[PDB]
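Next up: just one chain, as structure tokens, the form solved without this ligand.
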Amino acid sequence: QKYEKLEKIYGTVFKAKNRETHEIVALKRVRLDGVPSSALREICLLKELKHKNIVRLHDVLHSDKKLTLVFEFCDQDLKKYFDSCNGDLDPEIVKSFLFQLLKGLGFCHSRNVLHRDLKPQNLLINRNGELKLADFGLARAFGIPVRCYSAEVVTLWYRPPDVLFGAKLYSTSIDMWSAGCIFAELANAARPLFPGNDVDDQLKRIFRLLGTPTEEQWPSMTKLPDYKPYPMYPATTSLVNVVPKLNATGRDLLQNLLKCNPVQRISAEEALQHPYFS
């Protein structure tokens, strides 16, 4: 109640002033009548993920049979940012954004958390130029030898091929692929790099550009629940075609992030220690 709702941006999001301390936050408000369990997980994880590049969770209120997560406030999501400016970002912004994402993401992995929902809309950006990871609704902790997780993670266009192939078990490499996609988006007209209409289509666009995986490069792929032998499309690996506002060094990183075989994906640490960053 110590809040003042304003323009209205799980449940619905609101901007607000603490009214008492005058600070502006963002309220989520979750209806308590699976959504709740997802919300309680986000809260649990966030409480243990404090980093300038990870959205902060100030409080959590239980009122009127609703849970209101009092979050810090960010000017806009990266998706809207892409609309703010248009078709282009100074190659320097591209670097900054990837850096902070890679840093905020590298942190989650170190604290044993998979975000599993990395897409432009879940990346917050302040006018001050800083970027923060948000919406951990799909996140989860990992460490305990689990039989498997779930394959219903990550929006279609950022879903890595292994998961598309029905893989139920995955590692931190899963957020790395999404990161690569976001990078591609970052360094171009800001349009998604692989916008399929369904799983089958998603796979095609990916292999059509990266080249279809061969059992040699990705041995365990055929053993996946929903694996399908797609035509061996050439490897248009001359990514330059698909990402011009990016040097040759940068393209090298984008290539290590977009490896179809999960195991071949660079980690956040490595990514950050990559030449592209100086």
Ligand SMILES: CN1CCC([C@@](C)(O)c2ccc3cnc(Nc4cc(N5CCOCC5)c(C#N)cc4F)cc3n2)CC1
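Just count from 1 along the sequence shown to find any residue number.
The form deposited with this ligand bound is left out here; the points below concern that form.
Screening 203 to 211, 75 to 83, 94 to 102, 155 to 163 for residues having heavy atoms within 4.5 Å of this ligand in the entry with it bound returns a single hit, 75 to 83. Within 4.5 Å of this ligand in the entry with it bound, a heavy atom is found for not a single one of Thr172, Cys181 and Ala268.
Residue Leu124 is the only one of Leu193, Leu124, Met176, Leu186 with a heavy atom lying within 4.5 Å of this ligand in the entry with it bound. The closest heavy atom approach of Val113 to this ligand in the entry with it bound falls outside 4.5 Å. Shown alone here, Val263 lies farther than 4.5 Å from this ligand in the entry with it bound, counting heavy atoms only. Taking the partner from elsewhere, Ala134 is found to have a heavy atom lying within 4.5 Å of this ligand in the entry with it bound.
When contacts are judged by a 4.5 Å heavy atom cut-off, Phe71 counts as touching this ligand in the entry with it bound. Although this ligand is not shown here, in the entry with it bound the stretch 1 to 35 places heavy atoms of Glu7, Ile9, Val13, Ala26, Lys28 within 4.5 Å of it, in sequence order.
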